[PDB]
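*Asks:* As you go down the protein sequences, you meet chains A and B in turn. The first sequence runs contiguously to residue 370 in the numbering used here. The second sequence runs contiguously to residue 217 in the numbering used here. Quick one: structure below, then a few questions.
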Amino acid sequence: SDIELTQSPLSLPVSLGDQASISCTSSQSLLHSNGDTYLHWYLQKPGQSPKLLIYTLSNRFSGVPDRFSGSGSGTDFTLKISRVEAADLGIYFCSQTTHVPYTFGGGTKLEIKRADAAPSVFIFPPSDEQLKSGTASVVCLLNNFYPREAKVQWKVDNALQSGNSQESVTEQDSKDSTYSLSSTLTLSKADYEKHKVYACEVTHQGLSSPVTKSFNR
Amino acid sequence: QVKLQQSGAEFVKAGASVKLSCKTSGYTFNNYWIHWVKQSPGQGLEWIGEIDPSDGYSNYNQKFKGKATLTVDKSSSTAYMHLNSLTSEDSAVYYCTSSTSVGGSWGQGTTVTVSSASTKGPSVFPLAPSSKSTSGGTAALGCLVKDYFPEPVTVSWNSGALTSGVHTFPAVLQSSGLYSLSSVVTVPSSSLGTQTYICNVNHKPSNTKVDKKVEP
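See the structure below:
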């Protein structure tokens, strides 16, 4: 049915000043009967709308710097940034408007590469104030790590927890290019009070082994 | 290119309808069309439909036909999209866009939040520093800002004095329909008990303001 646009890679870690290339492949030819190929590229910065960079295959949009260029076939396309600047970080999307319905790629995140940095791991028991409210949230904090990929697992008296934790991740830090992550495990107070040992086990590329932070109540 | 000014955030119950608008403006003799685009966590970017502002001719993505109706008020040069029978899958940012042969511009986006939750101020809980929150001179502390609706809440530390090393995490939507986030800061271990750390929380929709001291 609808034209599928597939972007590669999903995540593109680069250094400022590097050349960068993002590809888009279409499940149908985007060559229109009028001879134009309606394949467009956007950049979406955090908290903004997408902004047009390249239109109709290779035309640079008004106001877009010369470091951006587009090329390709009727089904295979490439966006190139000759030298990446900080202003270029964000999510890149391809889009086709040759055929109705118009469709978009899934996005490619351009981020800053840096050397591996293991997380600093901190654990917070629930407050007495919250225990009085009938709920218990235990928080695990992974601070200043790279790359973004990390596994956090909760163990309560050695039982693996599944489905009762939620994770949130910051944007990449402007100064040190790291991420931080909170993992929040939520129990009813009744459940919380029946158990003794609360542990978050963290796996990350920057660590030799998994690290476990825990407390005993 | 045409300048686009979209209407403000909408919060509605499941089953409700919403009308979004997009004021257009420009000195251009370029033929242009107007489009609406959905951006959701579940589906990414999706084109809804297009409309020719000169004659009102409209063409839809079959997925949105009947869900969305596009119109233009030619006198005000304002484009409208009416969305009906709303469900949680309709919660998204909706953009109005323009296209010409030489490109196009996108409006700012209008967030539509479809939920049965009522407005509710947060509970604020300390994330106390301890031996479990210290890493060789460096201690972490925070505040859990839990069970509020709608977004956003604002959090500052020490009435705005303390910005360095602060991470205020994106909010998560809980299965209750209420939001939760944490705000953390890393500080000197030696400062604890000496320096006060207070998280200042403000949830404007409920007019909930709370200053919470966090300590061992």
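The C-beta atom is built at its ideal place from N, Cα and C for all residues, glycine as well.
With three or more beta-carbon pairs closer than 8 Å as the criterion, would you say the segment 328 to 347 of chain A touches the segment 305 to 313 of chain A?
*Replies:* Cβ pair count under 8 Å is three or more, so yes.
*Asks:* For a test of the three-state rule: what should DSSP assign to residue 1 of chain B, helix, strand or coil?
*Replies:* Nothing about residue 1 of chain B can be reported from this structure: the residues present for chain B run from 2 to 217 only.
*Asks:* Mind checking if A/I276 is an interface residue toward chain B, Cβ cutoff 8 Å exclusive?
*Replies:* Against the first sequence, residue 276 of chain A aligns to sequence position 123. Yes, A/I276 lies at the interface with chain B (some Cβ there is under 8 Å from its Cβ).
*Asks:* Kindly give me the distance between the Cβ atoms of B/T114 and B/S86, rounded to whole angstroms, as I take these residues to be in contact under 8 Å.
*Replies:* Position 113 of the second sequence, counted from the first residue, corresponds to residue 114 of chain B. Position 85 of the second sequence, counted from the first residue, corresponds to residue 86 of chain B. Not quite, the Cβ-Cβ distance comes to about 16 Å (not below 8 Å), so this is no contact.
*Asks:* Does the beta carbon of B/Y96 come closer than 8 Å to any beta carbon on chain A?
*Replies:* Translated into positions along the second sequence, residue 96 of chain B becomes position 95. It does: the Cβ of B/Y96 has a partner Cβ on chain A nearer than 8 Å.
*Asks:* Span of the beta strand (DSSP E) holding B/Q7?
*Replies:* As a working mapping, residue 7 of chain B is identified with position 6 in the second sequence. Segment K4 to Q7, the beta strand (DSSP E) holding B/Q7.
*Asks:* With distance defined between alpha-carbon atoms, name the residue in A/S280, A/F230, A/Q319 and A/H252 nearest to A/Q160.
*Replies:* Counting from 1 along the first sequence, the entry for residue 160 of chain A is found at position 7. Closest option to A/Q160, Cα to Cα, is A/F230.
*Asks:* Using the C-alpha atoms, what's the distance from B/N62 back to residue 447 of chain A?
*Replies:* Here chain A covers residues 154 to 370 and nothing more, so residue 447 of chain A does not appear.
*Asks:* Residues of chain B with CB closer than 7 Å to the CB of A/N296, please, in chain order.
*Replies:* What you label residue 296 of chain A is simply residue 143 of the first sequence in a count that begins at 1. What A/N296 touches in chain B: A141 and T187.
*Asks:* Output the residue ranges of the alpha helix (DSSP H) runs that lie fully inside the segment 264 to 327 of chain A and measure 4 residues or longer, sorted by chain position.
*Replies:* Qualifying alpha helix (DSSP H) stretches, in chain order: 281 to 286.
*Asks:* Which residues in chain B have a C-beta closer than 9 Å to the C-beta of A/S327? List them in chain order.
*Replies:* Along the first sequence, one-based indexing puts residue 327 of chain A at 174. Near A/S327 there are no residues of chain B at all, since even the closest Cβ is about 12 Å away, more than 9 Å.
*Asks:* Please identify, using Cβ separations under 9 Å, the residues of the segment 245 to 271 of chain A that lie next to chain B, in order along the chain.
*Replies:* Of all residues in the segment 245 to 271 of chain A, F246, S248, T250, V253, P254, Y255, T256, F257, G258, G259 and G260 have a Cβ within less than 9 Å of some Cβ in chain B.
*Asks:* Within 8 Å, do at least three Cβ pairs link the segment 175 to 194 of chain B to the segment 142 to 152 of chain B?
*Replies:* Segments in contact, yes.
*Asks:* So, are the CB atoms of residue 414 of chain A and A/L338 less than 8 Å apart?
*Replies:* This structure leaves residue 414 of chain A out entirely; chain A is present only between 154 and 370.
*Asks:* A/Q283 versus chain B: which residues are under 7 Å apart at the beta carbon?
*Replies:* For this step, residue 283 of chain A is matched to residue 130 along the first sequence. Within chain B, the residues near A/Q283 are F126.
*Asks:* In its own chain, which residues sit with a C-beta less than 8 Å from the C-beta of B/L174, not counting the 5 before and 5 after it?
*Replies:* Here the question's residue 174 of chain B lines up with position 173 in the second sequence. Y180.
*Asks:* Within the same chain, show all residues whose beta-carbon is closer than 6 Å to that of B/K210, passing over the 5 residues directly before and after it, in chain order.
*Replies:* On the second sequence, residue 210 of chain B is found 209 positions in, with the first residue counted as 1. The residues are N203.
*Asks:* Anyone know if the C-beta pair for A/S215 and A/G223 falls short of 8 Å?
*Replies:* The residue given as residue 215 of chain A occupies position 62 in the first sequence. The residue given as residue 223 of chain A occupies position 70 in the first sequence. No, the Cβ-Cβ distance between A/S215 and A/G223 is not below 8 Å.
*Asks:* Nearest by alpha-carbon distance to A/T190: which of A/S235, A/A343, A/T228 and A/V217 is it?
*Replies:* The count along the first sequence starts at 1 and reaches residue 190 of chain A at position 37. Looking at the Cα atoms, A/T228 is the closest of the given residues.
*Asks:* Reducing DSSP to helix, strand and coil, say where A/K342 ends up.
*Replies:* Taking the first residue of the first sequence as 1, we reach residue 342 of chain A at position 189. Helix.
*Asks:* Name, going along the chain, the residues of the segment 100 to 126 of chain B whose beta-carbon falls closer than 9 Å to a beta-carbon of chain A.
*Replies:* For the segment 100 to 126 of chain B, which is checked against every Cβ of chain A, the residues closer than 9 Å are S100, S102, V103, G104, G105, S106, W107, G108, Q109, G110, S124, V125 and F126.
*Asks:* Apply the 10 Å Cβ neighbour rule to A/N296 and answer buried if 16 or more other Cβ atoms are within range, or exposed otherwise.
*Replies:* For the purposes of this step, residue 296 of chain A is taken as residue 143 along the first sequence, with counting starting at 1. Flag for A/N296 reads buried.
*Asks:* Measure how close the beta-carbons of A/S330 and A/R236 come, nearest whole angstrom, since I'm counting them as under 8 Å.
*Replies:* Taking the first residue of the first sequence as position 1, residue 330 of chain A is located at position 177. Taking the first residue of the first sequence as position 1, residue 236 of chain A is located at position 83. With 8 Å as the limit, A/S330 and A/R236 do not qualify as a contact, their Cβ atoms being about 18 Å apart.
*Asks:* Counting Cβ pairs closer than 8 Å, one from the segment 98 to 118 of chain B and one from the segment 31 to 44 of chain B, do we hit at least three?
*Replies:* Verdict: yes, contact present.
*Asks:* Give the interface partners of B/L193 over in chain A, defined as CB-CB distance under 8 Å, in chain order.
*Replies:* Residue numbering aside, residue 193 of chain B sits at position 192 when the second sequence is read from its first letter. Those within 8 Å of B/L193 in chain A number zero; the least Cβ separation is about 14 Å.
*Asks:* Output yes or no for whether 8 Å exceeds the beta carbon distance between A/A271 and A/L360.
*Replies:* Reading the first sequence from its first residue, position 118 is the one you call residue 271 of chain A. Reading the first sequence from its first residue, position 207 is the one you call residue 360 of chain A. The answer is yes: Cβ separation under 8 Å.
*Asks:* Return the residue from the list A/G287, A/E157, A/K262 and A/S315 that minimises the CA-CA distance to A/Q197.
*Replies:* Position 44 of the first sequence, counted from the start, is the residue given in the question as residue 197 of chain A. It is A/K262.
*Asks:* Could you say which of B/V38, B/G194, B/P151 and B/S192 lies nearest to B/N208 if we only look at CA atoms?
*Replies:* What you label residue 208 of chain B is simply residue 207 of the second sequence in a count that begins at 1. Checking every option, the nearest Cα to that of B/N208 belongs to B/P151.
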